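Survey of secondary and tertiary structure
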Amino acid sequence: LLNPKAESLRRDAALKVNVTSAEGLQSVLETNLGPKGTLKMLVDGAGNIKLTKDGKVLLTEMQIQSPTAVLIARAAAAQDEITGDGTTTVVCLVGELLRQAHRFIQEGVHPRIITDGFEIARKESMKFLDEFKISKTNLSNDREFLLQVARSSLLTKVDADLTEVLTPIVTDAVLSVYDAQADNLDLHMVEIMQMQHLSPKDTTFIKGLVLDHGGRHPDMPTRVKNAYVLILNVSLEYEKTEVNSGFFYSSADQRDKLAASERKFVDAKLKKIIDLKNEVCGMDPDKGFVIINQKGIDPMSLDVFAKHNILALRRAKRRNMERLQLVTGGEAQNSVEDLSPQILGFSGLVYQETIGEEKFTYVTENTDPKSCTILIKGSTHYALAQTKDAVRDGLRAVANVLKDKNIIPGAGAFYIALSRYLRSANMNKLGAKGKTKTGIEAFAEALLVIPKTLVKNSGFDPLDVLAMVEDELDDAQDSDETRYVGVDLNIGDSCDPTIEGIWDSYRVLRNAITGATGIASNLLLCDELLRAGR
Amino acid sequence: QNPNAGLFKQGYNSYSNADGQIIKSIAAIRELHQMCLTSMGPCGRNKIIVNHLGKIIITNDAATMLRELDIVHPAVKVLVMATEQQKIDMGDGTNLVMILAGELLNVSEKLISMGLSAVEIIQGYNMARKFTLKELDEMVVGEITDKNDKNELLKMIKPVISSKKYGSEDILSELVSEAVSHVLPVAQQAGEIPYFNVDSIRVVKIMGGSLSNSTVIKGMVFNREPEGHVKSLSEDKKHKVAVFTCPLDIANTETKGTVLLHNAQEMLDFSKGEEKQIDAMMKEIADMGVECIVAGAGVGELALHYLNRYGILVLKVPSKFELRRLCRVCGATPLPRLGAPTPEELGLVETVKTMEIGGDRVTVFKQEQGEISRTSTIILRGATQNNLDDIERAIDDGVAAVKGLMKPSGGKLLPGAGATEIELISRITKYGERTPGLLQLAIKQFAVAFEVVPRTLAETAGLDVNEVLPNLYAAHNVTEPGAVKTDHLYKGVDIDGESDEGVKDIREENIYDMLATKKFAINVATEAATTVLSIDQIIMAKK
Amino acid sequence: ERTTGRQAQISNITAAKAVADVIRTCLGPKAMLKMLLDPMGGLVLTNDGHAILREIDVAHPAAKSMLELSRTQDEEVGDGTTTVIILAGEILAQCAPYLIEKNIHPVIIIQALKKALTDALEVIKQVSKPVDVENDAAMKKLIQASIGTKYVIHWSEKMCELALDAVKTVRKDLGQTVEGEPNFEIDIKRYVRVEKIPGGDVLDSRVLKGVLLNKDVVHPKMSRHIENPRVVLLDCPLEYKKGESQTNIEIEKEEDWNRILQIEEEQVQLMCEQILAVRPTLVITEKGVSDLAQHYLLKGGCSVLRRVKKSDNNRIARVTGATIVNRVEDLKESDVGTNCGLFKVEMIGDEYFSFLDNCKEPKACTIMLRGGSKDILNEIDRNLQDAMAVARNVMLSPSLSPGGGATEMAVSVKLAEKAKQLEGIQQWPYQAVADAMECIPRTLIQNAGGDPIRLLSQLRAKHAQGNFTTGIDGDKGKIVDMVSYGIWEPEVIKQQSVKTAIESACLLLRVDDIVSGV
């Protein structure tokens with residue numbers, strides 16, 4: 001039964017391909033789980049090499065040939081947008097679920113029987129999750145806790161030294177933009193910038209915005225105290241006669257004097273801007289004046305400002321012009337002709353930083369900036385790529401915890417407890433089927449791929465570390481007390497994740513199990529591979 | 001490079017159950033099934049066999065083919081050994097086992113494709129066998145009464161000769177029935193003493209002529225000539241016959257006994273000595289009234305001179321089997337020595353003469369209306385080498401089948417020409433339908449195999465099976481005036497070669513099979529089929 | 001080049017069997033998945049039997065004929081896509097040994113298959129049970145069979161309302177010795193036509209008795225309800241009348257230009273006077289209406305609808321009875337549209353419509369679907385079609401057949417009873433259908449995960465000795481009664497399934513040669 005230009009893969013070979021391929025993809029990502037995982041180098045073939053641990057980047061850019069591995073990788077990518085994390089967790093769960101299922105399928109267990117067992121265990125796992133979770137305080141003054149969350153999301157993906165730098169950066173950046181009111185939380189209020197020529201350790205939190213173009217006159221202040229902000233969309237470059245004209249003169253000195261008269265077209269605008277300061281805290285102590293002009297400013301116009309200790313910046317990007325109106329409170333003027341004292345915004349220190357190749361202007365200390373900036377430092381695209389991923393994900397991690405009060409103690413306590421729960425609940429209930437109970441046991445065992453992989457990557461023997469966690473967990477239950485018991489990846493013994501500070505997202509773990517269950521089921525239910533036209 | 005799993009014994013490629021060893025084994029058997037399939041029936045096909053010694057024969061007999069084939073594949077050996085079972089203690093059924101056993105395997109494969117295990121299939125076949133064997137007991141119409149009448153013998157001998165030689169059935173039947181009626185005693189209801197060994201009837205053939213001049217001799221026919229001067233005995237009764245194993249010459253000496261001559265007188269003295277000693281031995285034979293002498297060895301010149309002068313017919317019989325058979329004609333006991341054929345060891349023959357059969361002269365030891373031999377000889381003629389040789393085999397089959405008429409109800413007669421096989425299909429199917437569970441699957445397919453006989457009988461006759469088979473089934477699937485079928489127990493395959501249509505009544509030609517042959521074939525065929533099915537792997541090893 | 005004799009027979013059956021295998025996993029609620037490997041780097045896991053057959057290339061023309069079987073089935077009824085393909089393949093497989101091993105001429109094979117079809121059709125009827133198609137609550141329970149296990153399960157009350165009321169309206173429920181017997185002919189594709197209007201929600205949808213027109217009107221403010229409706233259907237526009245022959249107008253004095261303008265106004269009025277003379281209440285014209293004509297007619301006490309194609313005017317004529325007249329001047333007083341409930345010109349979703357809803361049922365209706373977005377409108381429509389297909393299949397025959405493989409097994413057993421009574425060579429290919437039918441209860445067991453022999457044998461035994469309502473439990477895999485576990489399907493599907501499956505097999509079996517040429 002074969003048509004030319006077609007193939008029908010039968011005799012359970014489709015299952016053998018699906019499981020073998022999944023074990024391949026598992027083997028790749030299994031080496032990168034937890035803070036003890038490895039780094040991968042991704043070579044684009046053009047000479048640019050990316051360094052990352054991020055599962056989303058790894059699966060997105062890594063070339064995959066196995067059609068089955070493509071299915072799992074893309075399905076995980078779908079969960080990445082839904083959950084914001086858990087990429088490796090899903091792939092590891094899918095792989096082990098298929099491995100455990102395959103061992104039973106070889107023994108005569110129908111793929112559907114296992115699949116139904118997976119669905120039962122999944123539903124029971126979600127019930128456990130509901131009793132496992134801890135309800136966090138709704139207080140936004142939980143900084144001491146959110147620091148632990150930032151460390152949990154950062155430490156996994158950084159060199160553990162950068163963690164000390166980024167932890168307060170992620171934590172305070174989101175708390176700054178998170179209104180302490182039952183309103184909302186938008187992590188897009190924290191901008192992600194990158195700069196070269198500094199070590200990654202120098203990643204810094206900036207309360208306001210940063211602009212690229214600086215001043216181009218040596219006498220303008222590099223530090224403006226309690227600045228007023230003018231937002232101006234019109235050029236102050238040397239202007240010419242409005243209409244076609246020329247210089248008609250009799251004596252050489254008249255040539256430049258006539259040009260000086262032509263200069264009046266722009267000088268009149270300069271005077272109005274200088275008078276603007278004179279009207280609004282002209283000579284008041286501890287007051288300044290900065291201009292963030294979207295368009296150019298003549299070197300002569302800058303000299304006019306420099307003489308008055310005014311910091312006149314030029315050729316700002318629109319993106320910052322619109323934000324700075326919200327940050328500083330001032331209004332943009334399309335022309336100096338509309339200039340008025342009610343236009344100016346207000347901010348604290350405006351600082352010009354100069355480095356070898358570039359200048360940067362800082363607009364910090366605003367009354368209500370409604371925006372923050374994080375500056376990611378590095379010497380090469382290696383540190384810049386890794387740090388950027390760490391910051392973007394850390395901001396999301398602490399954002400999800402602030403939005404969703406449900407927190408899950410980590411260190412493997414969730415998945416190890418699920419194994420114990422499902423093992424006992426299954427034998428205690430046996431309400432599935434004489435055969436289906438096989439799939440439930442396969443599901444419960446597969447869940448342990450996560451705590452086992454976390455330990456293996458640490459160099460500790462999973463055979464001893466998991467046993468020690470199970471022992472203390474059982475002792476707590478026999479003692480009739482509630483205790484969260486997880487893995488200490490540095491000592492090798494058990495720990496309490498709620499004292500150590502190891503926290504997982506409620507939403508990620510909820511969907512990670514549900515997704516991995518569906519992905520493994522979709523492959524276990526595949527009886528034949530059908531190829532045509534290739 | 002290419003890896004292989006499961007092959008760890010001397011590197012053999014040995015297929016497992018999951019690899020279809022049973023299906024592959026059956027496929028090998030199918031090659032022999034087709035070879036034997038075209039043999040059965042009065043219109044069976046001939047085969048040419050070229051013996052490695054440079055001898056070419058033609059036969060219809062499947063067993064001959066199977067013995068002449070070098071059978072290697074164990075899957076076929078199971079059925080070939082089953083064929084030998086039909087030859088041991090039975091004179092027929094060779095084609096029935098080879099054909100039925102193959103078909104049972106063929107329908108088994110149809111069940112295997114379903115996912116029905118070899119164990120489940122074999123179990124069903126064993127049940128259907130036991131049912132089949134019981135049902136056959138009730139299909140008996142007549143019975144041979146073992147009165148050994150020529151006419152009762154012909155009823156059985158005729159269908160036995162048929163399917164080995166067609167068109168000469170009546171001529172060969174008379175030849176076998178006559179010879180059988182000669183050796184069989186006149187008796188009724190006597191089963192304590194066995195009698196009628198197959199060896200009691202010899203068949204002799206000469207090239208040339210045709211069966212139109214065939215006959216039966218009451219006695220033995222030898223291919224040796226009367227070496228002595230007397231070529232025939234007189235017309236008197238009870239000629240005394242002496243039989244010797246010692247050559248008819250001067251006695252030898254156990255140790256040395258070499259005569260050396262140095263003087264002319266010694267030559268004369270030893271020459272006279274030997275001549276006198278031989279005469280004394282030949283004289284003592286003649287003095288006992290012996291008129292014919294049979295030697296198991298050669299005869300010296302002097303012995304011929306004396307035996308001629310005594311008027312004693314000198315006939316050489318070198319075959320130990322012919323001498324043993326001669327004891328069943330004249331009664332003489334071969335003398336281990338020479339010159340003392342004690343009268344008690346002498347036999348009696350009424351006539352010893354030379355006869356011309358086919359142009360070849362033979363010597364015949366026979367009796368006519370008296371001192372009647374316990375052996376018979378059937379005389380065949382034919383000009384065509386291949387045809388005459390096969391006719392000889394047809395004679396042997398007739399005699400062997402008569403031996404099949406044995407004390408344990410061997411005379412039970414069932415309608416032939418496939419009529420029994422058709423009725424079995426209906427009865428076995430009902431057994432399947434009444435059997436719960438998966439067992440019905442193999443029991444029904446067991447019945448299916450039995451249509452191969454009315455199919456084969458039709459195919460060999462040139463008939464379209466697609467018209468004959470539904471006509472045969474309709475002929476037995478009829479409405480009768482009562483639960484028990486009568487007129488339509490006799491509808492069989494009409495081996496005519498005609499054009500239009502129809503079936504023929506067994507009663508028209510008295511085509512009956514022996515129950516003992518049928519029930520035996522049913523046992524052997526099933527054991528052969530189930531044996532092959534039980535083998536899911538073949539492994540070779542040094543023993 | 002060519003395949004002759006047994007080469008065509010083997011090739012045709014071989015290809016068809018391969019097609020059947022593709023979809024054997026598609027049967028039942030526990031259908032398994034297949035991996036479709038594209039010539040590109042993608043892969044599709046969709047387990048829809050239609051999509052699987054569509055998206056997989058086939059080589060042998062016989063396989064293409066199998067694809068056409070599924071396409072025909074999809075047009076006839078709303079289901080059976082995989083049944084006709086699996087069954088037809090098995091019928092060919094069962095006929096295979098008869099063409100080869102028994103050497104039975106294809107002519108014999110085809111004759112028996114036609115007889116087996118006739119008997120199979122009888123049995124499907126005999127094992128079926130009636131339902132009162134006039135009991136709306138009973139119908140709702142049947143329609144939900146095609147709505148559940150879907151996101152829109154929570155719409156099922158409204159989906160049943162829309163499907164049931166529309167199909168009942170169009171059903172040609174009539175019989176007589178003069179105008180003939182439509183025999184409850186239902187054609188939802190032409191008669192139940194569905195329109196999607198932005199705005200509202202699924203709960204706001206309505207079945208209308210009349211025509212839903214998407215064209216706008218000459219003025220938004222006109223009478224919406226009429227006591228004695230009279231409807232005019234015209235092709236010709238209302239504009240300046242011109243002659244067919246040559247006309248030459250020469251103007252010297254500017255004063256005569258006004259006279260020409262007055263004539264132009266009169267000619268438009270004269271067209272409107274002929275329309276107004278017959279006291280209309282709604283005027284529909286395919287071509288446009290001049291600004292003067294718009295006021296000339298409205299002031300006469302009627303509404304005017306413009307830009308309505310002949311295709312729509314034919315629909316309007318069926319529900320009004322108005323005759324279409326080409327030239328305006330020829331309009332007759334016999335053109336009426338009375339007993340019409342409304343001429344509503346409501347703007348819905350910022351779009352103008354015109355509704356001719358009436359108290360008539362002239363073998364037609366329109367479904368009006370509401371929804372807050374185009375996605376909602378499409379989601380309602382796409383899922384509603386399933387409900388309407390079932391409503392058609394049920395209202396076309398009150399007999400329901402048992403599911404779970406029960407009907408197919410009943411045909412197998414009953415055919416076996418008749419096979420024993422069939423004389424002649426045809427007995428063999430006759431059995432072929434009896435055995436082939438069991439591919440359905442066999443496949444259901446395999447997809448459930450049970451023993452395909454032990455459970456199938458028990459199922460057959462239950463039908464052989466007991467009732468014909470015994471089937472396979474899709475979820476448990478156990479043998480259960482189909483009344484306790486209702487899995488009943490309209491007879492219409494089962495009758496067409498066995499009919500087209502055997503006929504398709506016959507089309508391939510009777511071809512003993514495929515030759516190339518153009």
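Here is what the cut-offs are and how they apply
- Within each chain the numbering goes from 1 in written sequence order, not necessarily matching the entry, and residues lacking coordinates are not shown.
- Think of it this way: whatever chain is written first is A, whatever ligand is written first is 1, and the rest follow in order.
- The structure shown is incomplete relative to its larger assembly, and all values pertain to the part shown.
- The side-chain numbers reported here are obtained from all heavy atoms of the structure, hydrogens and water having been left aside.
- Here a strand is any run of E in DSSP of at least two residues, a helix any run of H or I of at least four, and the numbering for each starts at the N terminus.
- Taken over C-alpha atoms, the radius of gyration is set against a globule rule of 2.2 Å times the number of residues to the power 0.38.
- The cut-offs for exposure are 20% and 50% of the maximum accessible area for each residue type, with area from a 1.4 Å probe on protein chains only; residues under the lower value are buried, those over the upper are exposed, and the others partly exposed.
- Reported accessibility uses the Shrake-Rupley method at a 1.4 Å probe radius. Residues are deemed covered only where the shown protein chains occlude them.
- Positive charges are assigned to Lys and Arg, negative charges to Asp and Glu, while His and the chain termini are left out of the count.
- By convention, the charge on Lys lies at NZ, on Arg at CZ, on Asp at CG and on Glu at CD.
- Between N or O atoms, a polar contact is any pair within 3.5 Å; within protein, one atom must be a potential hydrogen donor and the other a potential acceptor, and residues adjacent in sequence are included only when both atoms are from side chains.
- Think of a nonpolar core as a cluster: buried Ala, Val, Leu, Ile, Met, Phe, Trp, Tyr and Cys residues, connected wherever their side-chain atoms sit within 4.5 Å.
- Contacts are residue-level and defined by heavy atoms, with any inter-residue pair within 4.5 Å sufficient.
- Think of it this way: a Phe, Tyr or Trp ring, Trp meaning its six-membered ring, pairs with another when their centres are within 6.5 Å, and the plane angle makes it stacked under 30 degrees, edge-to-face over 60, tilted otherwise.
- For a ring to carry a charge above it, either NZ of a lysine or CZ of an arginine must fall within 6 Å of the ring centroid while also lying within 35 degrees of the normal to the ring plane.
- Pairing between two strands is assigned when DSSP locates at least 2 bridges connecting them.
- Only the stretch in contact is used when a helix axis is fitted, and all axes are lines through C-alpha atoms; the angle between N-to-C directions ranges over 0 to 180 degrees.
- A helix's residues, less one, multiplied by 1.5 Å, set its expected span.

What the deposited record gives as its method is cryo-EM, and the resolution it gives is 3.91 Å.

It is worth spelling out the overall build of chain A at this point. Scanning chain A for helices and strands turns up 17 helices and 21 strands. Since a compact globule built from 534 residues should have a radius of gyration of about 24 Å, the 31 Å found for chain A marks it as more spread out than a globular shape. Counting only C-alpha atoms and orienting by the principal axes, one finds that chain A spans roughly 110 × 70 × 35 Å. The burial tally for chain A puts 51% of its 534 residues in the buried class. A total accessible area of about 25,800 Å² is found for chain A, and carbon and sulfur atoms account for 48% of it. Side chains of chain A give 65 positive and 74 negative charges; the mean places of these two sets differ by 6 Å.

Let us look at the environment of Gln 144 of chain C. Residues and elements named next belong to chain C. As for its position among the elements, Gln 144 is in the loop between helix 6 (136-143) and helix 7 (156-170). Along the backbone, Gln 144 and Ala 387 are 243 residues apart, and their C-alpha atoms lie at a distance of 7.4 Å. Within the structure, the side chain of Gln 144 is placed 3.1 Å from the side chain of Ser 156, a separation counted as a polar contact.

If you look at the biggest cluster of nonpolar residues, it comprises 79 residues, and the most contacted ones within it are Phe 118, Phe 414 and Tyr 415 of chain A. For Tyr 415 of chain A, the residues in contact, after removing those within four places along its chain, are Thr 89, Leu 93, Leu 447, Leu 448, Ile 450, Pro 451, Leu 509, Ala 512 and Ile 513 of chain A. Formed by 76 residues, the second largest nonpolar core is a distinct cluster that contains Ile 26, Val 76, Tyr 125 and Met 139 of chain B.

Quick look at the packing of aromatic side chains now. Inspection of every chain in the model, using the stated rule, returns 16 aromatic pairs over all chains. Taken together, a centroid distance of 5.1 Å and an interplanar angle of 25 degrees make the contact between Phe 128 of chain A and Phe 132 of chain A stacked. Of this pair, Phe 128 of chain A and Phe 132 of chain A both sit in helix 5 (residues 111-132), 4 residues apart, roughly one helical turn. Each member of the pair, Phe 128 of chain A as well as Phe 132 of chain A, carries the same accessibility label: buried. An angle of 40 degrees between the planes, with centres 6.2 Å apart, marks the rings of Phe 128 of chain A and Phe 414 of chain A as tilted. Of this pair, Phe 128 of chain A sits in helix 5 while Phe 414 of chain A sits in helix 12 (residues 413-429), and the two are 286 residues apart along the sequence. An aromatic cluster of at least three residues, connected via ring pairs, comprises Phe 128, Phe 132, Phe 414, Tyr 415, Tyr 421 and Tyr 484 of chain A. Above the plane of the ring of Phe 321 of chain B lies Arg 324 of chain B, whose end atom (NZ or CZ) is 5.7 Å from the centre. Against the face of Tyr 490 of chain B rests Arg 507 of chain B, its NZ or CZ located 4.2 Å from the ring centre.

The next subject is the sheet that holds strand 6 (residues 239-244) of chain B. Residue and element names in this part refer to chain B. Taken in spatial order, the 4 strands of this open sheet run 8-7-6-9, and their pairing is mixed. Only two strands of the sheet have a single neighbouring strand rather than two, namely strand 8 (313-316) and strand 9 (347-349). This sheet shows a mean twist of 30 degrees between the axes of neighbouring strands, independent of strand direction. For strand 7 (residues 290-295) and strand 8, the ladder comprises 4 bridges, and the chain directions are parallel. By the bridge assignment for strand 8, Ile 293 is matched with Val 314.

Glancing now at helix 5 (residues 106-126) of chain C. Every α-helix winds through 3.6 residues per turn, so residues three or four apart in the chain are directed the same way. Residues and elements named next belong to chain C. Over its 21 residues, helix 5 runs 30 Å from end to end, which matches the ideal 30 Å to within 8%, given 1.5 Å per residue. Three or more residues of helix 5 are buried, namely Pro 106, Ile 108, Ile 109, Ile 110, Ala 112, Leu 113, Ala 116, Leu 117, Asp 119, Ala 120, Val 123 and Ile 124. Those residues of helix 5 that are buried are in contact with helix 1 (6-23), helix 4 (81-100), strand 14 (399-401), helix 13 (406-419), helix 14 (427-436) and helix 17 (491-509).

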